[PDB]
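A.B. asks: Take a look at this one; I'll ask things after.
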Amino acid sequence: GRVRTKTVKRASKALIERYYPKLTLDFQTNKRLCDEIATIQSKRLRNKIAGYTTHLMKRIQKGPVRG
Amino acid sequence: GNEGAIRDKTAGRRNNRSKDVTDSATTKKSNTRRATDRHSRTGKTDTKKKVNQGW
Amino acid sequence: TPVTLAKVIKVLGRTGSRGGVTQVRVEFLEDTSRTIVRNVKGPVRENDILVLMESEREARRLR
Amino acid sequence: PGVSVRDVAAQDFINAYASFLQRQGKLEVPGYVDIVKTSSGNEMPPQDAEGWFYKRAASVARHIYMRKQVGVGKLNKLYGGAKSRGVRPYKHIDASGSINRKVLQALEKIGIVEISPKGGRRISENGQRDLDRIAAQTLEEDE
Amino acid sequence: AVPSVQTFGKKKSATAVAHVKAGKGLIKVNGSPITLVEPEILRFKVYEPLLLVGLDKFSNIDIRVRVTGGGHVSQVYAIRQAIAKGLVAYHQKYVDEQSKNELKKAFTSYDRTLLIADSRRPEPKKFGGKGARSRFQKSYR
Amino acid sequence: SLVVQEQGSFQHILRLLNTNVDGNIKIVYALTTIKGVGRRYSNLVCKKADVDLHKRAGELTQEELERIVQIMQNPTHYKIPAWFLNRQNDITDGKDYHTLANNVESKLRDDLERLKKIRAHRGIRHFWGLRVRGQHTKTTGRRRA
Amino acid sequence: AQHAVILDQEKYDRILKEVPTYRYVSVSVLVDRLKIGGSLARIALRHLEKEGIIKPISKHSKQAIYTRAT
Amino acid sequence: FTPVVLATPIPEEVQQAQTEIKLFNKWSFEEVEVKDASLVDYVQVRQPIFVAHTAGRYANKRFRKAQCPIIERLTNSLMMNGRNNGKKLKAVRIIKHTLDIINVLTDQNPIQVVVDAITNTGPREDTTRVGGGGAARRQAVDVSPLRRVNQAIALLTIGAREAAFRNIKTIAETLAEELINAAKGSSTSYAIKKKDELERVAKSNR
Amino acid sequence: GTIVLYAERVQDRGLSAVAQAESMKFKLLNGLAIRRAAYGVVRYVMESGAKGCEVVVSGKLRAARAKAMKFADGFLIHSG
Amino acid sequence: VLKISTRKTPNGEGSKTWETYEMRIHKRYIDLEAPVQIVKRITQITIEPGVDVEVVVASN
RNA sequence: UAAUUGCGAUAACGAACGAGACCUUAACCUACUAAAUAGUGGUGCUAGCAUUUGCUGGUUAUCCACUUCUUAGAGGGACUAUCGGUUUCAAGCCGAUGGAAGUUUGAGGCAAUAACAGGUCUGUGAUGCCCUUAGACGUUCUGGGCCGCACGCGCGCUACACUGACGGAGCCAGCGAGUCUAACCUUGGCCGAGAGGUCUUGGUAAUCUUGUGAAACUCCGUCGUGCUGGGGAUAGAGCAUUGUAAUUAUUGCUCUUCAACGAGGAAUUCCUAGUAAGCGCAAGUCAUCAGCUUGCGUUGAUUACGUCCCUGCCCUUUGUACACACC
Ligand SMILES: [Mg+2]
Ligand SMILES: [Mg+2]
Ligand SMILES: [Mg+2]
Ligand SMILES: [Mg+2]
Ligand SMILES: [Mg+2]
Ligand SMILES: [Mg+2]
Ligand SMILES: [Mg+2]
Ligand SMILES: [Mg+2]
Ligand SMILES: [Mg+2]
Ligand SMILES: [Mg+2]
Ligand SMILES: [Mg+2]
Ligand SMILES: [Mg+2]
Ligand SMILES: [Mg+2]
Ligand SMILES: [Mg+2]
Ligand SMILES: [Mg+2]
Ligand SMILES: [Mg+2]
Ligand SMILES: [Mg+2]
Ligand SMILES: [Mg+2]
Ligand SMILES: [Mg+2]
Ligand SMILES: [Mg+2]
Ligand SMILES: [Mg+2]
């Protein structure tokens with residue numbers, strides 16, 4: 001599978017919540033974002049996180065998303 | 001000794017081969033108890049006093 | 001041999017309590033305007049072309 | 001243009017060289033050859049009977065031509081094939097230390113290999129010459 | 001020196017190193033012409049890039065390849081890759097680019113991975129069988 | 001090699017060393033159906049005797065065959081190395097023989113007897129119909145006898 | 001030991017007149033024409049080739065292969 | 001074909017039928033088309049190759065094995081029964097001989113016959129042990145092309161193997177033989193009979 | 001001369017597993033109640049500023065049949 | 001890598017589980033060209049618990 | 001979803017343990033820092049063949065340079081990305097393109113609460129209790145035994161051949177190990193058909209054994225379907241090795257002898273890609289002895305990509321007079 005755990009999804013929510021100006025449709029920049037704006041202990045988890053706080057953006061751009 | 005060893009009839013493969021095979025050969029694991037394993041046969045017994053003093 | 005060509009148009013599912021059998025709707029290409037549902041043996045996807053060896057008859061559930 | 005042995009395929013080069021030494025007669029050929037088994041890991045003698053020492057000689061030559069230094073131990077191994085332990089799994093086995101060490105001495109007496117320093121045996125100054133020669137003759141058969 | 005580059009190929013554990021310099025027009029492997037290389041039935045595998053992208057192309061360059069590790073197939077795949085990777089790097093630094101991109105194109109369109117090395121590799125065995133996936137025979141009682 | 005011909009010469013089957021030998025088989029291997037003469041022993045004899053190995057038993061001139069035997073029944077004078085031989089260092093005269101034909105049946109017996117006549121455990125163990133070379137006898141060799 | 005091992009004069013003469021109409025010829029075809037055990041069959045293939053009569057269009061061990069001449 | 005000669009020379013016939021056409025061992029891919037609707041798609045031919053040895057990662061996706069060059073498919077399936085596991089170099093060369101053999105008899109692109117031999121032994125309908133409560137009779141099914149092709153290859157190679165077994169004819173021949181006869185199946189083949197009877201049993205119960 | 005020993009008081013025994021087992025041991029050898037023992041250690045360790053702590057006692061006290069207890073408080077993780 | 005491969009069980013019972021411990025040895029070497037003063041200084045200090053330092057000399 | 005993995009529903013809202021994260025190994029860096037214990041190009045000294053400049057080698061430092069390949073440090077990289085089908089347009093899933101890599105990326109390591117009268121007192125100078133303690137159940141020494149053979153059961157090895165055996169020839173790995181107060185891994189030279197012996201030698205090791213020239217495999221021959229040259233059991237005779245000792249034959253070599261076995265009833269095991277299977281190798285054991293195992297690399301498929309029919313487990317529902325819990 002590839003269902004993203006709660007830790008991933010919980011951070012993502014928490015980032016989109018308090019930094020929507022800043023952040024984008026681009027994971028490439030959202031990666032670099034997370035580093036400055038968030039303490040995370042692994043490269044891997046950071047990517048797993050940014051990639052999904054990205055995906056979440058990507059469709060807010062077309063309608064809202066609960067949560 | 002070795003003298004008796006060979007002279008002795010009653011021996012060698014021929015003689016065994018000719019005899020029938022015991023039935024105990026092709027049997028079982030014999031077991032004897034395995035589903036009485038949880039029923040302690042000590043006859044004894046702790047006691048809620050002792051176990052309370054201990055634990 | 002009145003062989004018959006039919007184009008798999010939809011994957012519907014696996015019947016047979018084993019499962020090796022796919023329920024499939026097919027469209028003929030030798031005169032379309034009629035579709036019909038057949039049971040396969042092998043691995044199938046959309047646009048495959050079964051050799052319907054009896055143009056008419058069809059199965060449902062297997063056991 | 002100029003020609004090597006490395007410019008010619010394994011089989012043909014050796015077979016011509018094997019034929020060459022045979023065509024010649026200067027050699028040295030133990031004498032037990034015909035009754036010997038090439039390796040303990042084998043079943044029957046070579047099928048060439050008269051010959052095959054050449055085939056080895058030629059091979060042995062061609063091999064030490066292609067490199068710095070190799071000796072008895074390395075040559076034993078190379079030629080060693082697998083050996084059916086009857087009802088037991090195969091292992092690889094080393095080959096006769098005698099065929100080779102005598103192929104080594106023999107080909108040297110014929111000047112194709114000198115007992116190199118660093119150990120082993122090395123392609124003689126002369127060998128390069130004569131090897132490259134029948135090598136050349138080998139590609140001439142496709143002229 | 002002359003204009004040149006070095007490129008490699010890798011299959012399994014074969015790594016095939018290839019030096020490509022401007023030259024008269026050869027292609028030797030470990031120490032021999034490519035018209036041998038036997039393995040053999042495969043030989044058209046390592047011919048492949050030459051003919052893939054036109055015999056000419058090599059008239060201006062020389063090429064050496066030496067392969068270590070690997071095994072009697074592993075190496076044939078490794079070296080074709082390094083040949084064809086080398087032709088497509090030389091042009092990257094020396095000819096023009098639309099050349100290089102033309103060569104990448106004709107190679108990938110054919111391809112048994114000539115430019116990209118196959119990621120596959122032996123998986124560890126684990127205790128309980130004679131193989132990575134295989135398990136030893138069992139019996140119950 | 002050579003598309004040959006031959007007149008009537010070649011005869012199928014032939015009898016040497018008290019046995020029967022099939023003519024239309026390679027003479028190295030044809031020689032093997034004699035007891036006490038495995039492939040190695042054969043190949044060396046024929047090499048030695050100077051005969052075309054490529055031939056079948058069938059052709060083989062009668063003087064060739066005659067030489068073949070004479071060497072087989074006397075290997076050590078004709079410079080064959082004894083370690084090539086099935087009975088080095090006898091056990092009485094200490095000579096090096098190479099027992100052949102019906103005499104290998106004859107000489108397996110003598111050896112077996114000598115052990116039993118001496119009550120040696122190997123002997124006893126022979127007389128009992130068992131394995132001797134020290135194999136386990138629980139699981140293996142069950143039918144036999 | 002069921003016949004094919006030798007060369008019975010009329011045999012060789014057979015293996016001159018009989019090899020035409022052989023669309024395919026190899027070692028294993030010559031055992032099929034109730035004759036020649038593979039060995040002395042293999043020898044034929046070189047000497048059915050001595051002068052034409054067959055064309056080498058394949059190479060080696062295990063497999064040989066020929067066709068009639070032209 | 002415009003001659004070219006650099007330092008280390010590439011052979012005439014090598015230089016030749018390469019840069020020209022991309023044809024097989026030395027056989028043509030153009031022509032060679034699948035004489036039965038369906039199977040087309042599920043039988044390769046184009047792109048054309050040199051030898052049927054390919055480190056083909058046809059494995060890790062459900063259908064992509066369809067894309068493997070048919071001739072090479074055919075070879076892969078030659079290399080079985082325990083002892084001959086792996087040993088592709090064996091097979092690869094067995095096919096070489098095989099193809100040449102086919103071609104000698106009855107003309108034809110040998111590769112074309114391999115197609116026809118394939119197309120003609122893949123059974124159009126079959127059977128599968130339907131329950132109905134223990135007493136499992138036989139229900140007729142319409143088998144897919146991918147299974148029609150697979151089962152062909154398997155059926156094809158096998159018969160040759162048992163045929164080749166224990167006897168003077170060599171796999172190369174018998175493999176050719178099966179195909180040759182399966183080109184327009186004359187029921188003197190393991191494969192056709194099996195096909196036929198398997199469509200006999202499917203007809204016997206519907 | 002070539003070998004030299006110095007002793008060196010450990011900075012809080014409270015966060016050192018080994019130090020506390022030997023406490024636990026030595027507790028029970030003056031006959032402290034099984035819990036009062038362990039249940040104490042966890043409490044002292046905590047006040048030594050551990051994030052979490054666990055004690056098990058296993059085997060047999062006083063009764064005949066063997067038991068085992070757990071004594072945890074605070075936070076632990078168990079994997080990786 | 002120093003590998004050690006063992007059954008986990010002290011005895012015999014159970015599915016035969018195997019457990020491989022390993023110990024890794026890391027080795028560098030640094031070549032210097034200095035006189036007697038710096039060397040001896042540079043050897044006695046720089047010390048560290050867990051790193052074995054060895055300083056040879058000579059042109060052979 | 002592999003996951004109490006999430007989505008969603010929602011008297012719950014929000015969290016922690018376990019899962020995931022993490023860690024190790026295998027993949028990608030012509031980016032970074034370097035290397036006579038890794039290696040490349042040039043240049044000397046030099047061999048051979050052509051000579052027309054060339055081609056193919058020799059040369060632990062005759063110098064210059066370089067880090068592609070090798071090594072291991074620090075970084076980077078992937079997040080199922082882009083796009084699109086799908087779906088409660090949710091988690092997600094499928095396809096295409098690109099990518100070193102897109103099945104938890106592949107394989108592992110660690111792994112909560114609880115259960116079992118699972119196994120181990122024969123690993124422990126761990127241990128309660130019982131037994132025994134000088135004609136000992138202590139210990140040691142000599143010698144036998146654990147291998148004994150009508151036969152039942154289980155893991156294996158080798159096979160029945162022609163995708164073969166044999167004989168020459170090609171000739172390619174990776175994981176490893178290795179001698180101090182000592183005899184470890186052994187190159188090379190000679191003698192020996194062999195096994196081996198003997199003279200020397202490099203290595204406490206990316207430095208030497210070792211490029212571990214391993215095996216399957218590839219090449220050209222011989223044999224031709226014949227229990228055959230498939231197969232090598234059983235057995236005789238000899239020669240060598242380890243060891244104080246080899247008989248009940250430790251192992252190795254040579255000749256010889258040349259069995260069953262012509263693909264195996266009912267049944268049953270294992271497995272989804274560099275996997276299965278074939279194939280050898282190191283390591284553990286080890287004085288000597290692998291038909292075992294733990295790892296390793298070499299050659300490299302067929303068929304799924306599904307389901308609950310069989311079998312095993314889990315989950316709710318439900319019954320219970322069981323709770324020492326259906327023993
Ligand atoms: Mg070898
Ligand atoms: Mg060999
Ligand atoms: Mg077991
Ligand atoms: Mg005999
Ligand atoms: Mg035994
Ligand atoms: Mg085998
Ligand atoms: Mg956790
Ligand atoms: Mg984990
Ligand atoms: Mg680098
Ligand atoms: Mg792609
Ligand atoms: Mg119990
Ligand atoms: Mg214990
Ligand atoms: Mg025992
Ligand atoms: Mg062979
Ligand atoms: Mg001697
Ligand atoms: Mg020393
Ligand atoms: Mg026989
Ligand atoms: Mg044999
Ligand atoms: Mg060992
Ligand atoms: Mg064991
Ligand atoms: Mg209730």
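In the structure tokens, chains take the letters A, B, ... in the order shown, each chain's residues start at 1, and ligands count up from 1 in the order shown.
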For the alpha helix (DSSP H) assignment from backbone DSSP, which residues of chain G qualify? Please present them as a PDB file with N, CA, C and O atoms, in the first residue's frame.
C.D. replies:
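What ended up in out_0.pdb:
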```pdb
ATOM      1  N   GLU G  10      27.059 -52.644 -50.801  1.00  0.00           N
ATOM      2  CA  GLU G  10      25.761 -52.177 -51.280  1.00  0.00           C
ATOM      3  C   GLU G  10      25.220 -51.011 -50.426  1.00  0.00           C
ATOM      4  O   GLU G  10      24.421 -50.217 -50.914  1.00  0.00           O
ATOM      5  N   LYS G  11      25.662 -50.906 -49.168  1.00  0.00           N
ATOM      6  CA  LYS G  11      25.312 -49.776 -48.288  1.00  0.00           C
ATOM      7  C   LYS G  11      25.846 -48.427 -48.785  1.00  0.00           C
ATOM      8  O   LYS G  11      25.077 -47.486 -48.992  1.00  0.00           O
ATOM      9  N   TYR G  12      27.169 -48.336 -48.934  1.00  0.00           N
ATOM     10  CA  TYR G  12      27.820 -47.128 -49.441  1.00  0.00           C
ATOM     11  C   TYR G  12      27.175 -46.715 -50.753  1.00  0.00           C
ATOM     12  O   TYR G  12      26.889 -45.540 -50.985  1.00  0.00           O
ATOM     13  N   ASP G  13      26.944 -47.706 -51.607  1.00  0.00           N
ATOM     14  CA  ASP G  13      26.313 -47.483 -52.899  1.00  0.00           C
ATOM     15  C   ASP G  13      24.871 -47.011 -52.694  1.00  0.00           C
ATOM     16  O   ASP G  13      24.355 -46.205 -53.472  1.00  0.00           O
ATOM     17  N   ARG G  14      24.227 -47.489 -51.636  1.00  0.00           N
ATOM     18  CA  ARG G  14      22.919 -46.963 -51.285  1.00  0.00           C
ATOM     19  C   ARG G  14      23.062 -45.492 -50.912  1.00  0.00           C
ATOM     20  O   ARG G  14      22.278 -44.649 -51.349  1.00  0.00           O
ATOM     21  N   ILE G  15      24.091 -45.170 -50.139  1.00  0.00           N
ATOM     22  CA  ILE G  15      24.194 -43.822 -49.607  1.00  0.00           C
ATOM     23  C   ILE G  15      24.804 -42.854 -50.619  1.00  0.00           C
ATOM     24  O   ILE G  15      25.240 -41.756 -50.272  1.00  0.00           O
ATOM     25  N   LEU G  16      24.812 -43.260 -51.883  1.00  0.00           N
ATOM     26  CA  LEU G  16      25.084 -42.326 -52.969  1.00  0.00           C
ATOM     27  C   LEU G  16      23.785 -42.019 -53.727  1.00  0.00           C
ATOM     28  O   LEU G  16      23.446 -40.853 -53.949  1.00  0.00           O
ATOM     29  N   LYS G  17      23.049 -43.067 -54.093  1.00  0.00           N
ATOM     30  CA  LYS G  17      21.817 -42.900 -54.858  1.00  0.00           C
ATOM     31  C   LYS G  17      20.644 -42.437 -54.001  1.00  0.00           C
ATOM     32  O   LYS G  17      19.718 -41.810 -54.510  1.00  0.00           O
ATOM     33  N   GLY G  38      24.956 -43.529 -35.594  1.00  0.00           N
ATOM     34  CA  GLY G  38      25.431 -42.156 -35.703  1.00  0.00           C
ATOM     35  C   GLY G  38      26.901 -41.910 -36.023  1.00  0.00           C
ATOM     36  O   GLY G  38      27.232 -41.005 -36.798  1.00  0.00           O
ATOM     37  N   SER G  39      27.776 -42.714 -35.422  1.00  0.00           N
ATOM     38  CA  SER G  39      29.211 -42.614 -35.659  1.00  0.00           C
ATOM     39  C   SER G  39      29.529 -42.661 -37.143  1.00  0.00           C
ATOM     40  O   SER G  39      29.880 -41.647 -37.747  1.00  0.00           O
ATOM     41  N   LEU G  40      29.383 -43.836 -37.739  1.00  0.00           N
ATOM     42  CA  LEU G  40      29.699 -44.008 -39.148  1.00  0.00           C
ATOM     43  C   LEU G  40      28.702 -43.275 -40.023  1.00  0.00           C
ATOM     44  O   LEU G  40      28.837 -43.260 -41.240  1.00  0.00           O
ATOM     45  N   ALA G  41      27.695 -42.679 -39.394  1.00  0.00           N
ATOM     46  CA  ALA G  41      26.813 -41.744 -40.076  1.00  0.00           C
ATOM     47  C   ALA G  41      27.473 -40.374 -40.135  1.00  0.00           C
ATOM     48  O   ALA G  41      27.433 -39.696 -41.159  1.00  0.00           O
ATOM     49  N   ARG G  42      28.084 -39.973 -39.027  1.00  0.00           N
ATOM     50  CA  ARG G  42      28.785 -38.701 -38.972  1.00  0.00           C
ATOM     51  C   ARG G  42      29.885 -38.629 -40.028  1.00  0.00           C
ATOM     52  O   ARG G  42      30.102 -37.582 -40.642  1.00  0.00           O
ATOM     53  N   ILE G  43      30.564 -39.751 -40.243  1.00  0.00           N
ATOM     54  CA  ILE G  43      31.648 -39.827 -41.219  1.00  0.00           C
ATOM     55  C   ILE G  43      31.115 -39.560 -42.620  1.00  0.00           C
ATOM     56  O   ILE G  43      31.764 -38.891 -43.428  1.00  0.00           O
ATOM     57  N   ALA G  44      29.922 -40.074 -42.890  1.00  0.00           N
ATOM     58  CA  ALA G  44      29.280 -39.879 -44.180  1.00  0.00           C
ATOM     59  C   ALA G  44      29.135 -38.398 -44.506  1.00  0.00           C
ATOM     60  O   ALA G  44      29.453 -37.967 -45.615  1.00  0.00           O
ATOM     61  N   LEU G  45      28.678 -37.621 -43.527  1.00  0.00           N
ATOM     62  CA  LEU G  45      28.380 -36.207 -43.742  1.00  0.00           C
ATOM     63  C   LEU G  45      29.576 -35.412 -44.243  1.00  0.00           C
ATOM     64  O   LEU G  45      29.402 -34.442 -44.970  1.00  0.00           O
ATOM     65  N   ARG G  46      30.782 -35.807 -43.850  1.00  0.00           N
ATOM     66  CA  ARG G  46      31.979 -35.188 -44.410  1.00  0.00           C
ATOM     67  C   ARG G  46      32.192 -35.682 -45.850  1.00  0.00           C
ATOM     68  O   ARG G  46      32.629 -34.929 -46.727  1.00  0.00           O
ATOM     69  N   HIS G  47      31.871 -36.953 -46.082  1.00  0.00           N
ATOM     70  CA  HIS G  47      32.164 -37.602 -47.358  1.00  0.00           C
ATOM     71  C   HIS G  47      30.919 -37.763 -48.232  1.00  0.00           C
ATOM     72  O   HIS G  47      30.953 -38.421 -49.275  1.00  0.00           O
TER      73      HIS G  47
END
```
A.B. asks: I want to know what sits within 6 Å of region 77-94 of chain H, based on only C-alpha atoms (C1' of nucleotides), with residues of the same chain fewer than 5 positions away left out; could you give that as a VMD selection string?
C.D. replies: (chain H and resid 172) or (chain K and resid 277 to 278 299 to 300)
A.B. asks: Report as an MDAnalysis selection string all protein, DNA and RNA residues lying within 10 Å of residue 51 (chain J), evaluated on only C-alpha atoms (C1' of nucleotides), omitting residues in the same chain fewer than 3 positions from it.
C.D. replies: chainID J and resid 26:27 47:48 54
A.B. asks: Could you list, as number ranges by chain, all protein and nucleic acid residues with an atom at most 9 Å from ligand 8, counting only C-alpha atoms (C1' of nucleotides) and all ligand atoms?
C.D. replies: I: 79-80; K: 19-22, 110-111
A.B. asks: Dump N, CA, C and O atoms (P, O5', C5', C4', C3', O3' and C1' of nucleotides) for the selected residues as a PDB file, in the first residue's frame?
C.D. replies:
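Below you can see again_13.pdb, which holds the result:
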```
ATOM      1  N   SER I  79      10.734   0.028  20.227  1.00  0.00           N
ATOM      2  CA  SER I  79      11.231  -0.531  18.976  1.00  0.00           C
ATOM      3  C   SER I  79      12.172   0.331  18.140  1.00  0.00           C
ATOM      4  O   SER I  79      12.126   1.575  18.154  1.00  0.00           O
ATOM      5  N   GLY I  80      13.037  -0.372  17.408  1.00  0.00           N
ATOM      6  CA  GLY I  80      13.904   0.252  16.425  1.00  0.00           C
ATOM      7  C   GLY I  80      15.183   0.839  16.981  1.00  0.00           C
ATOM      8  O   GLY I  80      15.711   0.355  17.980  1.00  0.00           O
TER       9      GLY I  80
ATOM     10  P     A K  19       6.412  -1.621  16.259  1.00  0.00           P
ATOM     11  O5'   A K  19       5.131  -1.543  15.332  1.00  0.00           O
ATOM     12  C5'   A K  19       4.637  -2.713  14.707  1.00  0.00           C
ATOM     13  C4'   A K  19       3.713  -2.345  13.590  1.00  0.00           C
ATOM     14  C3'   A K  19       4.316  -1.412  12.563  1.00  0.00           C
ATOM     15  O3'   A K  19       5.120  -2.074  11.613  1.00  0.00           O
ATOM     16  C1'   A K  19       2.262  -0.536  13.256  1.00  0.00           C
ATOM     17  P     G K  20       6.433  -1.348  11.055  1.00  0.00           P
ATOM     18  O5'   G K  20       5.948   0.117  10.673  1.00  0.00           O
ATOM     19  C5'   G K  20       5.409   0.409   9.391  1.00  0.00           C
ATOM     20  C4'   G K  20       5.170   1.887   9.231  1.00  0.00           C
ATOM     21  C3'   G K  20       6.402   2.761   9.292  1.00  0.00           C
ATOM     22  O3'   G K  20       7.168   2.766   8.095  1.00  0.00           O
ATOM     23  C1'   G K  20       4.799   3.659  10.719  1.00  0.00           C
ATOM     24  P     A K  21       8.776   2.889   8.156  1.00  0.00           P
ATOM     25  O5'   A K  21       9.057   4.216   8.992  1.00  0.00           O
ATOM     26  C5'   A K  21       8.760   5.491   8.456  1.00  0.00           C
ATOM     27  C4'   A K  21       8.868   6.537   9.524  1.00  0.00           C
ATOM     28  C3'   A K  21      10.254   6.755  10.095  1.00  0.00           C
ATOM     29  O3'   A K  21      11.088   7.547   9.281  1.00  0.00           O
ATOM     30  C1'   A K  21       8.760   6.523  11.859  1.00  0.00           C
ATOM     31  P     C K  22      12.458   6.925   8.727  1.00  0.00           P
ATOM     32  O5'   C K  22      13.200   6.434  10.030  1.00  0.00           O
ATOM     33  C5'   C K  22      13.570   7.363  11.022  1.00  0.00           C
ATOM     34  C4'   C K  22      14.146   6.639  12.187  1.00  0.00           C
ATOM     35  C3'   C K  22      15.367   5.801  11.875  1.00  0.00           C
ATOM     36  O3'   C K  22      16.559   6.562  11.842  1.00  0.00           O
ATOM     37  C1'   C K  22      13.828   4.496  13.062  1.00  0.00           C
ATOM     38  P     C K 110      16.302  -8.835  15.745  1.00  0.00           P
ATOM     39  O5'   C K 110      15.709  -7.559  16.480  1.00  0.00           O
ATOM     40  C5'   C K 110      16.542  -6.711  17.257  1.00  0.00           C
ATOM     41  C4'   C K 110      15.863  -5.398  17.549  1.00  0.00           C
ATOM     42  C3'   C K 110      14.517  -5.461  18.276  1.00  0.00           C
ATOM     43  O3'   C K 110      14.673  -5.635  19.685  1.00  0.00           O
ATOM     44  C1'   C K 110      14.393  -3.931  16.453  1.00  0.00           C
ATOM     45  P     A K 111      13.593  -6.423  20.572  1.00  0.00           P
ATOM     46  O5'   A K 111      12.216  -5.942  19.978  1.00  0.00           O
ATOM     47  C5'   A K 111      11.551  -4.853  20.573  1.00  0.00           C
ATOM     48  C4'   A K 111      10.247  -4.594  19.880  1.00  0.00           C
ATOM     49  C3'   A K 111       9.131  -5.563  20.182  1.00  0.00           C
ATOM     50  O3'   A K 111       8.508  -5.242  21.409  1.00  0.00           O
ATOM     51  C1'   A K 111       9.227  -5.138  17.859  1.00  0.00           C
TER      52        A K 111
END
```
A.B. asks: Enumerate as a list in words the residues belonging to chain B that approach chain I to within 9 Å, with only C-alpha atoms taken into account.
C.D. replies: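 My answer is residues 45, 46, 47, 48, 49, 50, 51, 52, 53, 54 and 55 of chain B.
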A.B. asks: Can you spit out the residues from that selection as a tab-separated table (two decimals), in the first residue's frame, using N, CA, C and O atoms?
C.D. replies:
```
chain	number	residue	atom	x	y	z
B	45	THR	N	-1.03	-27.35	46.52
B	45	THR	CA	-1.87	-26.20	46.31
B	45	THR	C	-1.19	-25.11	47.08
B	45	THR	O	-0.59	-25.38	48.12
B	46	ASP	N	-1.22	-23.90	46.54
B	46	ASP	CA	-0.56	-22.80	47.20
B	46	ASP	C	-1.46	-22.38	48.33
B	46	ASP	O	-1.61	-23.16	49.25
B	47	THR	N	-2.06	-21.20	48.26
B	47	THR	CA	-3.02	-20.68	49.25
B	47	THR	C	-2.99	-19.18	49.18
B	47	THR	O	-1.94	-18.59	49.12
B	48	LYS	N	-4.15	-18.54	49.22
B	48	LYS	CA	-4.16	-17.11	49.05
B	48	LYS	C	-3.44	-16.41	50.20
B	48	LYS	O	-3.04	-15.26	50.02
B	49	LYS	N	-3.23	-17.05	51.35
B	49	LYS	CA	-2.38	-16.37	52.33
B	49	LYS	C	-0.96	-16.29	51.82
B	49	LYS	O	-0.46	-15.20	51.64
B	50	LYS	N	-0.34	-17.44	51.60
B	50	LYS	CA	1.05	-17.52	51.15
B	50	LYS	C	1.32	-16.61	49.95
B	50	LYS	O	2.26	-15.82	49.98
B	51	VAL	N	0.49	-16.70	48.92
B	51	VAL	CA	0.75	-15.92	47.72
B	51	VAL	C	0.69	-14.41	48.01
B	51	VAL	O	1.44	-13.64	47.43
B	52	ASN	N	-0.18	-14.02	48.93
B	52	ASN	CA	-0.27	-12.63	49.36
B	52	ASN	C	0.92	-12.17	50.18
B	52	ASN	O	1.31	-11.02	50.12
B	53	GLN	N	1.46	-13.05	51.00
B	53	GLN	CA	2.65	-12.70	51.74
B	53	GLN	C	3.78	-12.52	50.74
B	53	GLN	O	4.58	-11.60	50.85
B	54	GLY	N	3.84	-13.39	49.75
B	54	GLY	CA	4.91	-13.35	48.78
B	54	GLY	C	4.80	-12.20	47.81
B	54	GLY	O	5.76	-11.47	47.62
B	55	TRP	N	3.61	-12.03	47.23
B	55	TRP	CA	3.41	-11.05	46.17
B	55	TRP	C	2.50	-9.85	46.52
B	55	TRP	O	2.14	-9.07	45.64
```
A.B. asks: Excluding residue 28 (chain J) and any residue of its chain fewer than 2 positions from it, enumerate the residues within 10 Å of it, using only C-alpha atoms (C1' of nucleotides), and give them as a list in words.
C.D. replies: residues 26, 30 and 53 of chain J; 72 of chain K
A.B. asks: May I have a table of the residues of chain K lying at most 9 Å from ligand 2, giving each one's closest pair of atoms and their distance in Å to one decimal, counting only C-alpha atoms (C1' of nucleotides) and all ligand atoms, ordered by chain and ascending residue number, as a tab-separated table?
C.D. replies:
```
residue	atom	partner	partner_atom_place_in_ligand_line	distance
K:168	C1'	ligand 2	1 (Mg)	7.7
K:169	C1'	ligand 2	1 (Mg)	7.4
K:170	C1'	ligand 2	1 (Mg)	8.9
```
A.B. asks: Write out as number ranges by chain each polymer residue (protein, DNA or RNA) that has an atom no more than 12 Å from ligand 20, with only C-alpha atoms (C1' of nucleotides) and all ligand atoms counted.
C.D. replies: J: 12; K: 155, 284-285, 290, 292-294
